[PDB]
Structures are given as C-alpha cells and as structure tokens.
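J.: If you're matching positions, the sequence shown starts at 1137 in the authors' numbering and goes up one per residue.
Below is one structure. I have some questions about it.
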Amino acid sequence: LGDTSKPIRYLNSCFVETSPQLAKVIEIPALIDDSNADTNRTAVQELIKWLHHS
C-alpha cells in the first residue's frame, strides 16, 4: 500500500547499496497501488529473475 513509482534498492550484508549481483536483500517499495488498487508485475518479475543464479 505505497507508491508504485520508486526504484528497487539492493542491500548487501552491510547497510550500503551495492551492485545487484553482490546483494543479499531486495527492498520493494510497494506492490499494491494506493490509487485504484492496482498490481505491479515488474517487481515480481525482478524477484523471479533475482531468485536464481543471477
């Protein structure tokens, strides 16, 4: 229930944003839109591609 226009931040073991390949935790700003209860398929596609050998 947030804003579906923010980028995706990648976090390593530390608290500094780094390269996507050397990342540990994915931070999705929002999934369900706060305007007309929409859904964003970009985030799930990125999650699917990242949850692999990357």
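Even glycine gets a Cβ: it sits at the ideal position worked out from N, Cα and C.
Would you give the residue range spanned by the beta strand (DSSP E) that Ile1162 belongs to?
T.: Working through the sequence shown from its first residue, we reach residue 1162 at position 26. Its beta strand (DSSP E) spans residues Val1161 to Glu1163.
J.: Residues in the same chain with beta-carbon distance under 7 Å from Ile1162, minus the five sequence neighbours each way, listed in chain order, please.
T.: Counting from one through the sequence shown, the residue named residue 1162 turns up at place 26. So the qualifying residues of the chain are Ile1144, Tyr1146, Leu1183 and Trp1186.
J.: Can you tell me which residues form a DSSP beta bridge with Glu1153?
T.: Residue numbering aside, residue 1153 sits at position 17 when the sequence shown is read from its first letter. DSSP lists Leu1147 as partners of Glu1153.
J.: Spatial neighbours of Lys1160 within its chain, please: C-beta separation below 7 Å, excluding the five flanking residues on both sides.
T.: Along the sequence shown, read from residue 1 onward, the residue named residue 1160 stands at position 24. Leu1147, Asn1148 and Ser1149.
J.: Could you tell me the boundaries of the alpha helix (DSSP H) in which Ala1179 lies?
T.: Residue 1179 sits at position 43 when you count from the first residue of the sequence shown. Run containing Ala1179: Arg1177 to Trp1186, per the alpha helix (DSSP H) assignment.
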